[PDB]
Amino acid sequence: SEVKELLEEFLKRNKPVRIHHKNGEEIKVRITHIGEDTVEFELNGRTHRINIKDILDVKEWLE
């Protein structure tokens with residue numbers, strides 16, 4: 001996965017991300033874990049898991 005490779009780089013560099021989901025949402029978060037086919041973030045007692053195949057694009061969340 002092309003997106004997976006990029007997510008792994010941002011996680012390694014400790015950078016926050018902007019995930020463009022196929023549904024048009026822009027999910028701006030710090031990621032916690034990358035699995036075989038998923039990426040996760042934690043928010044308030046819940047893990048949110050996104051299937052990487054559902055991601056159109058990922059970019060850095062820049063200041």
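Residues numbered from 1 in each chain as written, not as in the entry; some residues may be left out. Heavy atoms only, no water.

- Regarding how it was determined, this PDB entry cites X-ray crystallography in its header, along with a resolution of 1.21 Å.

1. Observations concerning the side chain of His 21
Thinking step 1. Mapped onto the secondary structure, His 21 falls in strand β1 (residues 17-21).
Thinking step 2. Residue class for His 21 comes out buried when judged on its relative accessible area of 16%.
Thinking step 3. Apart from the residues within four sequence positions on either side, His 21 is in contact with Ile 27, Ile 50, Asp 54 and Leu 56. (Helix = DSSP H or I, 4+ residues; strand = E, 2+ residues; numbered from the N terminus. Buried < 20%, exposed > 50% of the residue type's maximum accessible area, 1.4 Å probe, protein only. Contact = heavy atoms within 4.5 Å.)

2. Some thoughts on the sheet that holds strand β3 (residues 33-34)
Thinking step 1. Pairing is antiparallel in the open sheet, where three strands are placed in the order β3-β4-β5. In this open sheet, the two edge strands, each paired with only one partner strand, are β3 and β5 (47-51).
Thinking step 2. In this structure, strand β4 (residues 38-42) lies alongside β5, joined through five bridges in antiparallel fashion. Counterpart to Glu 42 in the pairing with β5 is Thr 47. (Pairing = 2+ DSSP bridges.)

3. Some thoughts on the nonpolar core
Thinking step 1. Counting 15 residues, the largest nonpolar core has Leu 7, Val 17, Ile 19, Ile 31, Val 39, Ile 55 and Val 58 as its most contacted members.
Thinking step 2. Mapped by element, the contributors of at least two residues to this core are α1 (2-12), β1, β2 (26-29), β4 and β6 (55-60).
Thinking step 3. Top element by residues in this core is α1. It accounts for three residues. (Core = buried A, V, L, I, M, F, W, Y, C linked by side-chain atoms within 4.5 Å.)

4. Re the pairing of β2
Thinking step 1. The two faces of β2 differ: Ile 27 and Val 29 on one face are buried, but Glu 26 and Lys 28 on the other face are not.
Thinking step 2. Here β1 folds back onto β2, and the loop between the two strands holds four residues, one of which, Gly 24, carries a positive phi near 90 degrees.

5. Considerations on the sheet that holds β2
Thinking step 1. Reading across from one edge, β2-β1-β6 is the order of the three strands in this open sheet, with antiparallel pairing throughout. Lying at the two open borders of the sheet, with one neighbouring strand each, are β2 and β6. Sheet twist, expressed as the average angle between the axes of neighbouring strands with direction ignored, equals 20 degrees.
Thinking step 2. Looking at chain direction, β1 and β6 are connected through five bridges and run antiparallel. Its bridge partner lying in β6, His 21 is registered against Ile 55.
Thinking step 3. Strands in contact with α1 are β1 and β6; relative to β6, the strand with the most contacts, it is inclined by about 25 degrees. (Axes fitted to C-alpha atoms, helices over the stretch in contact; angles between N-to-C directions.)

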